[PDB]
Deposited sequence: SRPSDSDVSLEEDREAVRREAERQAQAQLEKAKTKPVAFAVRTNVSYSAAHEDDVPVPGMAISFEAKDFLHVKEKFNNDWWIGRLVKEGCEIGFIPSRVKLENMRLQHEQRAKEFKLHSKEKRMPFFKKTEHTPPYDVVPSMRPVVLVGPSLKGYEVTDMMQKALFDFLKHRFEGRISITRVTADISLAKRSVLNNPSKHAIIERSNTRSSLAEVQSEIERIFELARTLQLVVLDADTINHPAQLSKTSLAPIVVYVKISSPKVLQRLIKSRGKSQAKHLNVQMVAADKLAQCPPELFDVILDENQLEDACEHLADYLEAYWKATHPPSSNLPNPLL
């Protein structure tokens, strides 16, 4: 009767437990940013009781392996989350239909977006790239990161305009899509190639840092599939920026005006569009701030198991 159903569920739990444990040290198959929240609190046929992964919308998940059509094995990208069971999109959509059927009975779109397995770090500010103050100030930060995270870091130049890398544009198989692109910046093929280059650089869970020439503002990457960590190098006083640009001679100074415009553009950007804001006066202090953030990220994406 019920005692043999319990024997079947007990052994099966043990198989799942074993799969789960074996998957602990496995590489990440892919990453997702979630579009929906999921709570495991109230359900059965979860492969191992208490082991389902609950998550909020906009959380990042690392998927390691397929358990079955309903469940994958992976983890919430968060310092102490261990492996667990994540509901597949099919399950989540079935849960949505069941919720809709319940709703009718009262008689009163993609849950997961694929993302790089490590969020690429992007630097914006204090002003426009291709000018000396911003370029020199970012170079300093890039040199530090190469040192502080040597062995765990990949810093790469991206000249291609990855701002054109809107997710829908890149999924579009149609050979007619090109006739919609008024003057293109760079080529969408090259952009796609470059996006896959970034996904690939992060596949082994090393920190990825992009030196992205075309990105001066977070809104240029928000529609993309990169889910970057956007680090805002902020000079708080415009008077300071003006003087810094003037320190670089008459040529640089001739474009004081555009430079101050971009700076002010970033300055009115909502704080929520950035992941980190480095407004420290001293390189050493900004560097430490950035390292603390990236070290915690490292811990979110690795800690004890591997």
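No alpha-carbon coordinates exist for the deposited sequence positions 1-9, 118-132, 331-337, given here in order along the chain.
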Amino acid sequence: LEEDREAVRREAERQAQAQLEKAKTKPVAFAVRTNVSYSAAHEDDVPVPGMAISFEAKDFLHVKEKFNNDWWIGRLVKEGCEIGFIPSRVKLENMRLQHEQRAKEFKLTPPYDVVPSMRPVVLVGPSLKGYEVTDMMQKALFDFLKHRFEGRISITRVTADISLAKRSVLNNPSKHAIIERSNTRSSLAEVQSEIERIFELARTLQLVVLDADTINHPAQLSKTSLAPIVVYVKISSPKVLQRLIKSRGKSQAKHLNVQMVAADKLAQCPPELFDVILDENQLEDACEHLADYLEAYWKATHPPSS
From here on, numbers count along this sequence of modelled residues.
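When the two stretches 197-205 and 173-181 are set side by side, the higher mean Cα temperature factor goes to 173-181. Averaged over Cα atoms, the B-factor as recorded in the entry is higher for 164-172 than for the other of 209-217 and 164-172. The residue among 230, 153, 81, 136 whose C-alpha carries the highest B-factor in the deposited model is 81. Among the modelled residues of its chain, residue 235 has a C-alpha B-factor that falls in the middle third, as given in the PDB entry.
Among the modelled residues of its chain, residue 46 has a C-alpha B-factor that falls in the highest third, as given in the PDB entry.
Among all modelled residues in its chain, residue 75 ranks in the lowest third by Cα B-factor. Ranked by Cα temperature factor within the chain, residue 159 sits in the middle third according to the deposited record. Split the chain's modelled residues into thirds by C-alpha temperature factor. Residue 264 is in the highest one.
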